[PDB]
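Cβ coordinates were reconstructed from backbone atoms using ideal geometry, including for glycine residues, and neighbour counts include every protein chain displayed. Values quoted throughout were computed directly from the atomic coordinates according to the rules given, and no laboratory measurement underlies them.
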Amino acid sequence: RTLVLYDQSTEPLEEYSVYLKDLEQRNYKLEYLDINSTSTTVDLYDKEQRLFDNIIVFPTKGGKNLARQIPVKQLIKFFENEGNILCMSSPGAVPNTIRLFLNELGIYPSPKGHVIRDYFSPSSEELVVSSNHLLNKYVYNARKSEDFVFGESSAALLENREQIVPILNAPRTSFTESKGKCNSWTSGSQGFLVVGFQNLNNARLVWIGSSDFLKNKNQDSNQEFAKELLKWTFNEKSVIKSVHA
Amino acid sequence: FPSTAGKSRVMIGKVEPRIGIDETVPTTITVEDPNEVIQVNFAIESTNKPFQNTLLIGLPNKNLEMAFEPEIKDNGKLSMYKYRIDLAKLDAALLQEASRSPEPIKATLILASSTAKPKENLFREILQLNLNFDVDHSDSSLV
Amino acid sequence: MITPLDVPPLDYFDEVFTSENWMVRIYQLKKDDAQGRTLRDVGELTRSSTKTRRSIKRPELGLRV
Ligand SMILES: *[C@@H]1O[C@H](CO)[C@@H](O)[C@H](O)[C@H]1NC(C)=O
């Protein structure tokens, strides 16, 4: 019922098991397709119906591979029909296909070279983000202060849509530092680090603005945020039903 | 010694220059001077050699800031920056949120050079201005 | 005389029926887009697809509430 569209070229799949396995602890039939090697095309529908109800797209430098497996129009068709999506795009792997899809959805990620730099931070090593920036209590409500880790992050701008669902936020002193001279993409708390989107058919997409988040090394800091993120992204955390009106 | 000037919308409104915080690289304070259409406020703050320099104007408690970048001149052995805020070119959601909620629009300044020792960079609220106008919501905000 | 260029496309309505002598024409309002974008942008995307702005530029939006 679930796909896993990874790319062994940039970030192998081995280092994404601690959460993937957890999915199989619950009821989740997982299928895998390494765009980097495979040449055939995936099959999303059975008889004008949905073969797969979830999708996952780990980091990928971009190219004809995922463009052929899942083009923008096919993604939008699979979304309009109730189907959940999870995307990630660090400043090293920004798949143009996913970027254009999101832009179609109001979420404007940052381009290749731009990286979120942020002084006044707990550790110089990486972008540690405090638990104070969480915005939605129906996605993950922090109990005690925790610090999430983003190695190479990438913010995103947002339109004012009723459908968009901010989840995290960048530190107020953080800016996107392009190597080439350009305007700073995001600046401060107007640049988002984790975003969600709920379709008008109650379908759900979630964009994580980094590749070092869902990894295995950072499990201890991120264990309790990532699980609830996946739950919400897969319509298993906050679903509402109306009866006998 | 940067002088940030909010030209005007109308009249002149006022400034509550409160800091009420710990000693985070404090230096001289802002001095206001109405001398032209632009009513300029001159401040002399420390760590005057930063790589990133911005002015955030808004309400941090609601995440509605706006970033302004200054223009640097090379007078020599000096540090002057002019932030030109136009009160009629400010984001709609900001004026309306300032009106709806009686919370002052705070203007914070950030200088940091990416390599200075921790606590050598400045993140201090150098101004806190207030307005009393007629902000209409018949075309309401996205907020 | 009418030429094909004189008539711009319809982005918000679908044609569901036209009589045999084109005397009565019945259109239907299409439901708002699921992704919550303007139907005009959907239209321009499907129609003028062969030539799109492949350059990346800050969209110059306003402050997110
Ligand atoms: C996939 O990546 C591997 C490197 O891990 C490489 O052997 C191969 O060239 C790539 N696939 C294609 C079709 O180039």
For the list (1) closer than 23 Å to A:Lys231 by Cα; (2) within 8 Å of another protein chain (Cβ to nearest Cβ); (3) touching a helix residue (DSSP H, G or I) at 6+ places or on another chain (Cβ under 9 Å), I need the number of the one condition that A:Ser189 fails. (1)
Can you spot a residue in segment A:93-100 that is within 16 Å of the ligand (Cβ to nearest atom) and without any contact (Cβ under 8 Å) to a residue 40 or more places away in the chain? yes
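Check A:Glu104, A:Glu80 and return the single one that is closer than 23 Å to A:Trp232 by Cβ, surrounded by fewer than 16 Cβ atoms within 10 Å (Cβ to Cβ), more than 16 Å from the ligand (Cβ to nearest atom) and within 14 Å of chain C (Cβ to nearest Cβ). First the steps, then the outcome.
Working: A:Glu104 fails: surrounded by fewer than 16 Cβ atoms within 10 Å (Cβ to Cβ).
After applying the criteria, what remains is A:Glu80.
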Take C:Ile2 and decide whether it is more than 14 Å from chain B (Cβ to nearest Cβ), of a type in the set (A, V, I, L, M, F, W, C) and assigned to a loop (DSSP other than H, G, I, E, B). yes
Subset of segment A:1-15, residues closer than 23 Å to A:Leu51 by Cβ, out of contact with any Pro (no Cβ under 8 Å at 6 or more places or on another chain) and hydroxyl-bearing (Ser, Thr, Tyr), comes to A:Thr2
Using the structure shown, decide if A:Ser37 is surrounded by fewer than 13 Cβ atoms within 10 Å (Cβ to Cβ), within 16 Å of the ligand (Cβ to nearest atom) and either touching a residue at least 12 places away in the same chain (Cβ under 8 Å) or within 14 Å of chain C (Cβ to nearest Cβ) (or both). yes
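Tell me yes or no: at least one residue of segment A:13-20 is surrounded by 16 or more Cβ atoms within 10 Å (Cβ to Cβ) and acidic (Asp, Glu).
First, the residues of segment A:13-20 that are surrounded by 16 or more Cβ atoms within 10 Å (Cβ to Cβ): A:16, A:18-20.
Those still in the list that are acidic (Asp, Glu) too: none.
No, segment A:13-20 contains no residue that is surrounded by 16 or more Cβ atoms within 10 Å (Cβ to Cβ) and acidic (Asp, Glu).
What residue, of A:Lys73, A:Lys64, A:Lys47, is among the charged types (D, E, K, R), surrounded by fewer than 21 Cβ atoms within 10 Å (Cβ to Cβ), farther than 19 Å from A:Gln163 by Cα and within 16 Å of the ligand (Cβ to nearest atom)?
On the way: A:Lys73 fails: within 16 Å of the ligand (Cβ to nearest atom); A:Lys47 fails: within 16 Å of the ligand (Cβ to nearest atom).
Exactly one residue qualifies, and that residue is A:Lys64.
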May I ask you to list pairs of residues, at least six apart or on different chains, whose Cβ atoms are under 7 Å apart, with the first in segment A:205-223 being among the basic types (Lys, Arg) and the second being buried (at least 17 other Cβ atoms within 10 Å of the Cβ) and in a helix (DSSP H, G or I)? A:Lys215/A:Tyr16
Kindly provide the set of residues from segment A:1-13 that are within 20 Å of A:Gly83 (Cβ to Cβ) and either within 13 Å of the ligand (Cβ to nearest atom) or within 14 Å of another protein chain (Cβ to nearest Cβ) (or both), ordered by number. A:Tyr6
Out of curiosity, is B:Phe133 aromatic (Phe, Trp, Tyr), assigned to a strand (DSSP E or B) and surrounded by 11 or more Cβ atoms within 10 Å (Cβ to Cβ)? no
For segment B:34-55, state whether one or more residues are farther than 30 Å from B:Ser138 by Cβ and touching a helix residue (DSSP H, G or I) at 6+ places or on another chain (Cβ under 8 Å). yes
What pairs can you find where one residue is in segment B:49-73 and more than 12 Å from A:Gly188 (Cα to Cα) and more than 11 Å from chain A (Cβ to nearest Cβ), the other is assigned to a loop (DSSP other than H, G, I, E, B) and among the small types (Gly, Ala, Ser), and their Cβ atoms are less than 8 Å apart, with a gap of 6+ or different chains? B:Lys49/B:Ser79; B:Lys49/B:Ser113
So which residues in segment A:91-101 are farther than 21 Å from A:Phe175 by Cβ and either crowded, with 20+ Cβ neighbours inside 10 Å or in contact with a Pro (Cβ under 9 Å, 6 or more places away or on another chain) (or both)? A:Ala93, A:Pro95, A:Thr97, A:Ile98, A:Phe101
Just checking, how many residues over segment A:177-236 are surrounded by fewer than 20 Cβ atoms within 10 Å (Cβ to Cβ), among the polar types (S, T, N, Q) and either part of a helix (DSSP H, G or I) or in contact with a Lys or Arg (Cβ under 7 Å, 6 or more places away or on another chain) (or both)? 6
From the set of residues in segment A:19-34 that are among the charged types (D, E, K, R) and over 14 Å from A:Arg1 (Cβ atoms), which is farthest from the ligand (Cβ to nearest atom)? A:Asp22
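So is A:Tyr16 hydroxyl-bearing (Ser, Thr, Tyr), closer than 24 Å to A:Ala226 by Cα and within 16 Å of the ligand (Cβ to nearest atom) or not? Spell out the reasoning first.
Numbers: hydroxyl-bearing (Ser, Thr, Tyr): yes; closer than 24 Å to A:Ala226 by Cα: yes; within 16 Å of the ligand (Cβ to nearest atom): yes.
The answer is yes for A:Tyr16.
Check A:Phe52, A:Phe58 and return the single one that is under 23 Å from A:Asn235 (Cα atoms), within 16 Å of the ligand (Cβ to nearest atom) and touching a residue at least 40 places away in the same chain (Cβ under 8 Å).
Numbers: A:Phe52 fails: within 16 Å of the ligand (Cβ to nearest atom).
Of A:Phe52, A:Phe58, the one residue that is under 23 Å from A:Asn235 (Cα atoms), within 16 Å of the ligand (Cβ to nearest atom) and touching a residue at least 40 places away in the same chain (Cβ under 8 Å) is A:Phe58.
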